[PDB]
Structure formats: structure tokens, C-alpha cells
Peer 1: 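Quick one: structure below, then a few questions.
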Amino acid sequence: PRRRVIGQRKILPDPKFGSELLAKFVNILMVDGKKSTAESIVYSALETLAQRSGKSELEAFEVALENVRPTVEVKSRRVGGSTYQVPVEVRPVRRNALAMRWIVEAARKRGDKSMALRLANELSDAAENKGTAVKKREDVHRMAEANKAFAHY
Amino acid sequence: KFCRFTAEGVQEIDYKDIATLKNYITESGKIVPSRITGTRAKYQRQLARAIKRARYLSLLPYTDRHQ
Amino acid sequence: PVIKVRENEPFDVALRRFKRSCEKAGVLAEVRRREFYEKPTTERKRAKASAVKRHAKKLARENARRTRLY
Amino acid sequence: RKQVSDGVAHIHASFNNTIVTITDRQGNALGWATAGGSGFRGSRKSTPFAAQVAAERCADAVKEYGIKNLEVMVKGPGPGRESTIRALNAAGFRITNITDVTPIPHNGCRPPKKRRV
RNA sequence: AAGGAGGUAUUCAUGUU
RNA sequence: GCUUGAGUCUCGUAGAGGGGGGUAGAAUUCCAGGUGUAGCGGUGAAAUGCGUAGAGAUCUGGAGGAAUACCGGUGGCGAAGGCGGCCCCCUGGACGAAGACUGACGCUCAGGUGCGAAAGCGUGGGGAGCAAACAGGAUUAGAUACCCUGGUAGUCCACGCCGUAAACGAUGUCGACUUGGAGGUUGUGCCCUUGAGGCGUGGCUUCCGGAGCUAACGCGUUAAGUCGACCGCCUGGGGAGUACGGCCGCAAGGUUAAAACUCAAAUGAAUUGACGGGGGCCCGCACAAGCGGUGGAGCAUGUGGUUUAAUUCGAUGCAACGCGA
Ligand SMILES: [Mg+2]
Ligand SMILES: [Mg+2]
Ligand SMILES: [Mg+2]
Ligand SMILES: [Mg+2]
Ligand SMILES: [Mg+2]
Ligand SMILES: [Mg+2]
Ligand SMILES: [Mg+2]
Ligand SMILES: [Mg+2]
Ligand SMILES: [Mg+2]
Ligand SMILES: [Mg+2]
Ligand SMILES: [Mg+2]
Ligand SMILES: [Mg+2]
Ligand SMILES: [Mg+2]
Ligand SMILES: [Mg+2]
Ligand SMILES: [Mg+2]
Ligand SMILES: [Mg+2]
Ligand SMILES: [Mg+2]
Ligand SMILES: [Mg+2]
Ligand SMILES: [Mg+2]
Ligand SMILES: [Mg+2]
Ligand SMILES: [Mg+2]
Ligand SMILES: [Mg+2]
Ligand SMILES: [Mg+2]
């Protein structure tokens, strides 16, 4: 908006976990407004991931999310007539959103059968730092370093 | 402001007076403008002639990348 | 613009000091103006126009500093 | 091979390209590096980053001589003009002098004509 | 290159630096 | 006859005013040598070009030509063109102070004479850099250009010729009178210079502005105001500053300067819009950040086209095409 500085909409916490971050994850996963199905998938995936990789669902989810969070991204400025790909530091709320979005899309792509199984596998893989999501994060970091020469435009 | 020469009623710069010329030159060796220094126009011209004569006699450097 | 690193002087401070010295010397401006040959007519015209612009805005400020903005 | 532990870094920084040359105090050149050798071409070789990597390449080249002290002579109106100095400091030489040696004429030869673009 | 301040711009002890 | 206009003398002041001759440092180029090695150079991007016979870079020495950074200033000087490192020689003008002197010796000026940027011409030198022409590489539909790499006349010097410029303040020279303000520059008088100050009195110069003038724009004590003296020039636009003739010129050409024919306008200033690959400011799912699509498949539907005896007619950039229906 040219003239509007209202912030972000207040979102309610997750019923079964009281986590705003988890609620946003459910919203990102949800498609066609079918929140019940997405919530069941994430709950089952979290329980499976907890049993496999550690102690509690929130701890496993946060460690995976941190392993996927990007420090810096790149945007396309246009000052010298041509377009310069310049790196830019991402604000923390955007870090969480990008991490969750990357995890969800990577899980969708995977070839496993059940969506909950795909989500649990991807979360564990991201925690172990071999997943497609962490690969995506490393790719964006790699490109940012490549075009770091334009960091003062 | 505060033209120094007219304060003492100086008639001529007397280029042999190096210390005054050192005040009225920059570190790089060029002449500081009268706009910055505050010197009057007549004394500025006399000062420029004195500095150039001193540069020829090698009492002042033309530049700092000379010797 | 000769600069020698002073005793107990940080390198970043020294580098900023060197840039300040170069700015005061006016080296980049001089070489850039000497990059191409400006005709004497162009030089005189440019100088005169700049003086006119400076004088005009001085008068404008000194006059319009006696008006009600609101 | 003959260790001297003090060098002079001549940084010729033109608009198009930057050439860094490490030499002895007397004038004999030890090693050099340029953005063209760094691989950047044209619009990318006229950037400060290319100058930085060329300075790093030159520092590696003259690493055999084991030079510790380094006085810097920067010359020409080049895009970087400073990234080379930062790169040398990062490479780990003690920068002794930072000197500008741009050749400014006292109204000498006539420059080429102005470009009409 | 971008933002802030002062002016038509300097006096603002030298020393120090 | 007189001294107020004009001029002379006495003492000083500032100035890139002019001519001649030396000299200084920076820088470019080239040459010789050392170090050192694979790029340099150039552009929006490239190539031509240069470099392994060693470039570019870096250091040392040498040669040569041209021009004088900073100071530098809507600062100064000159009739105008124009004049910019420093020093010396020759030389012109302007201004201030106090007086003394001559006694209208003044102003303007057709012909005439001289000076007169740059380019150009003749003869002879010089030649670093720059650079018409030219050569090559690009760009483009074409590119006899803009861009890039080279590059000859020329630019420099001596002596002649040329004599034209938006040679412009687009404002002829001389003189007198008419409210002001802020500056710059250069003299000079007085007041305790109460220390950089205060009050006068000249010369030149920039801006703003009153009356007045002007078509308006604007000028405005440096007039485009109110007047006086002399000179030059205009008579609608094109044809045309062209033809012919004369004069000048080595030439290029310059100067003086028409007519037929043709049109009913050509022009100046200012006004309201629209536009600008002008400038500032602002807004809109305009972009950006996101989610979901269309464009691929099948089918439904509308249109175009083609076909038909008829495929009824209309809507057909956005703002027609599941529209009238
Ligand atoms: Mg060029
Ligand atoms: Mg004058
Ligand atoms: Mg006559
Ligand atoms: Mg000529
Ligand atoms: Mg000739
Ligand atoms: Mg000749
Ligand atoms: Mg050319
Ligand atoms: Mg050339
Ligand atoms: Mg004429
Ligand atoms: Mg003229
Ligand atoms: Mg005329
Ligand atoms: Mg006359
Ligand atoms: Mg006026
Ligand atoms: Mg004629
Ligand atoms: Mg003509
Ligand atoms: Mg004739
Ligand atoms: Mg809306
Ligand atoms: Mg979009
Ligand atoms: Mg289709
Ligand atoms: Mg159609
Ligand atoms: Mg129809
Ligand atoms: Mg129809
Ligand atoms: Mg519709």
C-alpha cells in the first residue's frame, strides 16, 4: 500500500499446543479452507516426529524450523537502469514464514504416500540437515553470496 | 573574515617570510582560497605572487609529490 | 594526500582519515573535469550560469524569509 | 625469494580495470594481479569486488617473498580505489603509508573531445 | 548514492594533532 | 576677453593591457635500461588495435612539443577582437589628491586609414597531445553519423594574404537632468585607529526596485526615463544578401547590390489547453510481498473465418466476444 501502515492480523494459538507458530504452520499447510484435514495431518506428523527424532513435538518442530530458516535473501532493485540482484536481511517473522513455507512445499513434492508421513519425514530430514528444504535455504544463501558484490546499492 | 594583513597594515607580502606563506598554503601545497582564508582581494593577489616566487626559489614545494 | 598510520591508530580510522584527506584535496573532481576537453565557451557559460543560480536563490531566501508559511 | 619484509603496493585503478603491483622499495616489481586475470570481464571487471579479488590474488602471488610491511600508493580514478586497501589489510599486511599519486597536469596536454552519447 | 544540521560561514586561544 | 568644457604639469595607485627575451614544475608522448609476466586497451555489450621479438604496470635516465592546476572571483585590464605560471627589457591607457598652467584649443563624422576570434591561403620551419579528411571495428532495415581503435592537413613558430562570426548588452558616439537599496573593486579625506572600527568623498562594476517609458516581455541615474548635436540603417514574406556590373583577393571568396515571378500573410510578446524518452508531489490489487488461476488436455459457450439455399440482424481496443438472448 502506498499509504497504509497497519501491521499483521492477530492469529489465535493452536488449540492442542498453544503455539502461534504451530497455528501458522497449520494455516500454511491448509488448502481450500479445509482446516480439519490439515490439522489432523500436522498433529499425526508431529506425534510421529516426536517419537522418532526426540522428546516433544514443539522441540522437534523448532529445531527443524531453525535448520531451515534463512539469514539473508535477494531482491531485484532497479536503480542504474538495469536490475541488480541485491542481498537483504530478512526480518524474523519473515524468517519463520519462509521456513514453514519451504518445509510444506518440500513435503508436498516428496514421493512418499501419506501426507503426514511425508511431513514427518521432511521434518526429521530438515532437522538432520539433509532435506530439500535445507537445500533450498543453502541455495538462496549461495546465490546471495555470489551476488554479494552489490550489497551497497 | 578577519583579513590578517590589513590588521597590521602590511604593504607587501615579502615572500621571504615563509611562515606566513605556510599558513596560507594547504598540506598538498596548493594555495588556500581567499573565500576560506578571509584575505582581501589585493592582499590575496600579492600573496599568490609571493607564493609563486617562493615556489620558484624552492622555499616552498609546488606539490607534496615532488621530492 | 599523504597519510601515515599514527601510533595506536586503528586501520578503519586511518582509512576514513585518508578518504577525508582526498575529499579535501578534491582529486576525483579534478581528474573527472580533466577527463574530456571542455571548450572555453562552455566553461565560461557554465561558470556564469552557476553564479546566477547561486545569487538568485540567495535573494529568494533572503526575501521569502519574511512571509507567513501558515 | 629474497625476503625483504617491506613492500610498496601500486594500485593503478582506471575506470575500466584495476592493476595491483607489489614492488620493492627501490622500484623492482615482485608480483602483480589484475581483474582481467581474476576472470571478470567488462561491466564486472569494473567493480570494486573485482579489485578486491585481484588484490587478494596479488598478495598470494608475492606470498613467497614473505613481505610484512606495506606502503600503499593509490593512483587513478577507479571504481574501487579502496576495496584493494581493505583486501590487503584482510590479507594481513601492516599498512604503513596510504598515499595518493594521481598524476594531475598543470594545464598541460589537451584532453580528447567530449563524448556525444 | 541515501538521511540529518548549520549557514551563505565562518570568529571559535594556540598547543595538541 | 573669461573659466565651468577640453588639455598640460607635480605625486601616487591598481590592472591576465601590448611587444620582445629568458626561466620553472606538473603532466602527456617517445627513446634507452632494470624489475617483472600474460594480459592490456575499449564499450551499454564487443571487436578492430597492442603484447611472449616481453606488453600493460613499476623504477632510473634522456629527448621534444604544447599549455600554465591551486590562486580564480557575475574579480581585473583593453576601443573592440581579446588577455592567465614566474622574472627582466621596451611600451600604451585609466584613476585619485592637492594645487599651478593654456584659454573653447570642443562634439560628431560620409569618403579614407588602421586594428579586427576561429577556420582558410602562400613561403619556410616545427610537430608531444588533440584532431576535419581517410582507414578499420561496431550499431542499425539502411548508418556515407552518433560509439570504439588508428590517423593526415591543421592546431604551434616567422613573415605575408584573407577580413568574415549569435564580432551580442542582438542596445551608435558625446553631453545635461531625474526617487532609492544591497553588494564588489580601486583610490582618498576626516573622527579617539577606544583593536579588526565610525563618518565622508571620487572612478569602474553586479543585482533588486520607484516614477516614467514600453506591444508586452522588461529597462529603470551604467535607462529602453526627460532632452540636445552628429552619424549609420528600415519600408510585407519568399526570390535574396542571390543574379549582373564594379572594386578588393594567389585562391577560397569578401564588399556594393537588383529585377521578373510568387503568396496574403510572414512575424513579436503574452494567454488557455494538450503533450514532452522535462522537474517535484500524491493516489489506486498499479507494481512489490503472497494465494489461486488462464495459456497445455477434454467438454460447454460466444466470436472471427470458411461453408451453405439460408447459416437472420446487431455489439467488435480497453469500454465487443456465457454480449442484446
Ligand atoms: Mg575515450
Ligand atoms: Mg573596463
Ligand atoms: Mg566609413
Ligand atoms: Mg588561424
Ligand atoms: Mg600555414
Ligand atoms: Mg608547412
Ligand atoms: Mg575519432
Ligand atoms: Mg585519437
Ligand atoms: Mg556582418
Ligand atoms: Mg565575442
Ligand atoms: Mg548587428
Ligand atoms: Mg569617433
Ligand atoms: Mg531592474
Ligand atoms: Mg555575394
Ligand atoms: Mg555569408
Ligand atoms: Mg560581385
Ligand atoms: Mg482494493
Ligand atoms: Mg505480479
Ligand atoms: Mg485452449
Ligand atoms: Mg475475432
Ligand atoms: Mg454476424
Ligand atoms: Mg456487422
Ligand atoms: Mg461477458
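Note that these values count all heavy atoms, side chains included, but never hydrogens, waters or copies made by symmetry. To find a chain, count down the sequence lines: A is the first, B the second, and so on, and within it residues start at 1.
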Peer 1: What integer number of Å spans the P atoms of F:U102 and F:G189?
Peer 2: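 Taking atom P in both F:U102 and F:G189, they lie 29 Å apart.
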Peer 1: Across all strands shown, which nucleotide pairs with F:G96 by Watson-Crick or G-U wobble geometry, both distances under 3.5 Å?
Peer 2: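 Checking every strand shown, F:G96 finds its partner in F:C11, with both distances under 3.5 Å.
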Peer 1: Does the sign of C1'-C2'-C3'-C4' make the F:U171 sugar north or south?
Peer 2: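 By the sign criterion, F:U171 is south.
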Peer 1: Can you give me the first and the last nucleotide of RNA chain F (5' to 3') that has an atom within less than 4.0 angstrom of a non-hydrogen atom in chain A?
Peer 2: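 Taking any atom under 4.0 Å from a heavy atom of chain A, the span is F:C283 to F:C291.
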Peer 1: What's the gap between F:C105 and F:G7 when it is taken at their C1' atoms, as a whole Å value?
Peer 2: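 Comparing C1' positions in F:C105 and F:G7 gives a spacing of 8 Å.
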Peer 1: Can you figure out if F:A211 has a north or south sugar, judging by whether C1'-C2'-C3'-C4' is positive or negative?
Peer 2: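 On the sign test, where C1'-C2'-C3'-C4' is positive, F:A211 is classed north.
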Peer 1: For F:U149 and F:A135, do both pairing distances fall under 3.5 Å in a Watson-Crick or G-U wobble arrangement?
Peer 2: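 Between F:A135 and F:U149 there is a Watson-Crick or G-U pair, with both distances under 3.5 Å.
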Peer 1: Does the distance from a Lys or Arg side-chain N to an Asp or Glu carboxylate O, for D:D6 and D:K68, drop under 4.0 Å?
Peer 2: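 Between D:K68 and D:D6 there is no salt bridge, as every charged N stays at least 4.0 Å from the carboxylate O atoms.
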Peer 1: Can you tell me how far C1' in F:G51 sits from the matching atom in F:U68, rounded to whole Å?
Peer 2: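 To the nearest whole Å, 36 Å.
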Peer 1: Evaluate the side-chain proximity of D:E82 to C:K19: yes if any heavy-atom separation is below 4.5 Å, no if none is.
Peer 2: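 They are in contact (side-chain heavy atoms under 4.5 Å apart), so the answer is yes.
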Peer 1: Both distances under 3.5 Å, Watson-Crick or G-U wobble: does F:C219 pair with F:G212?
Peer 2: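 When the criterion is applied, F:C219 and F:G212 count as a base pair.
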Peer 1: Would you say F:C83 pairs with F:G76 if a pair means Watson-Crick or G-U wobble with both distances under 3.5 Å?
Peer 2: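 WC or G-U pairing between F:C83 and F:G76: yes.
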Peer 1: Using a 4.0 Å cut-off on heavy atoms, which residues in residues 52-67 of chain B reach RNA chain F? List them by number, or say none.
Peer 2: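 Within this stretch, B:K52, B:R53, B:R55, B:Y56, B:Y62, B:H66 sit under 4.0 Å of the strand.
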Peer 1: What dot-bracket string describes RNA chain E from 5' to 3', counting Watson-Crick and G-U wobble pairs whose defining distances are under 3.5 Å, with [ ] for crossing pairs and | for pairs to another strand?
Peer 2: .................
Peer 1: For RNA chain F, which residues in residues 81-102 of chain A have a heavy atom at a distance below 4.0 Å?
Peer 2: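 A:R94, A:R101, in order of number.
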Peer 1: Just so I know, are the side chains of A:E20 and A:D14 near enough to count as touching, which here means a heavy-atom distance under 4.5 Å?
Peer 2: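 The answer is no, as the side chains (C-beta and beyond) never meet within the 4.5 Å cut-off.
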Peer 1: Assign F:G202 to north (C3'-endo side) or south (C2'-endo side) according to its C1'-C2'-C3'-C4' torsion.
Peer 2: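 Pucker flag: north.
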Peer 1: Anti or syn, where syn is a glycosidic angle within 90° of 0; which label fits F:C50?
Peer 2: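 Because its glycosidic torsion lies more than 90° from 0, F:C50 adopts the anti conformation.
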Peer 1: Does the protein touch nucleotides 4-17 of chain E at the base, only the backbone, or not at all? Give it as B, S and - per nucleotide, heavy atoms under 4.0 Å.
Peer 2: ----B-S------S
Peer 1: Quote, to the nearest angstrom, the P distance that separates F:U307 from F:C299.
Peer 2: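 Nearest-Å result for F:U307 against F:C299 at atom P: 25 Å.
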Peer 1: Is the shortest side-chain heavy-atom distance between D:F49 and D:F40 below 4.5 Å?
Peer 2: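 With C-beta onward as the side chain, the pair touches.
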Peer 1: Taking the 3.5 Å cut-off for both atom pairs, check whether F:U123 pairs with F:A158 as Watson-Crick or wobble.
Peer 2: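 F:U123/F:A158: base pair present.
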Peer 1: Taking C1'-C2'-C3'-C4' positive as north and negative as south, where does F:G203 sit?
Peer 2: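 North is the answer for F:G203, its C1'-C2'-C3'-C4' torsion being positive.
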Peer 1: Nearest nucleotide by nearest heavy atom, which residue falls closer to the 5' end of RNA chain F, D:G31 or D:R110?
Peer 2: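 Whichever sits nearer the 5' end wins; that is D:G31.
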Peer 1: Residues in ring-ring contact (aromatic ring centres under 6.0 Å, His included) with C:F18, at least two apart?
Peer 2: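 Partners of C:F18 under the ring-ring contact (aromatic ring centres under 6.0 Å, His included) test: none.
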Peer 1: Please give the distance between the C1' atoms of F:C86 and F:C71 as a whole number of Å.
Peer 2: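 After rounding to an integer number of Å, I get 14 Å for this pair.
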Peer 1: Distance check, P atoms only: F:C70 and F:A118, in whole angstrom units.
Peer 2: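 Taking atom P in both F:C70 and F:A118, they lie 23 Å apart.
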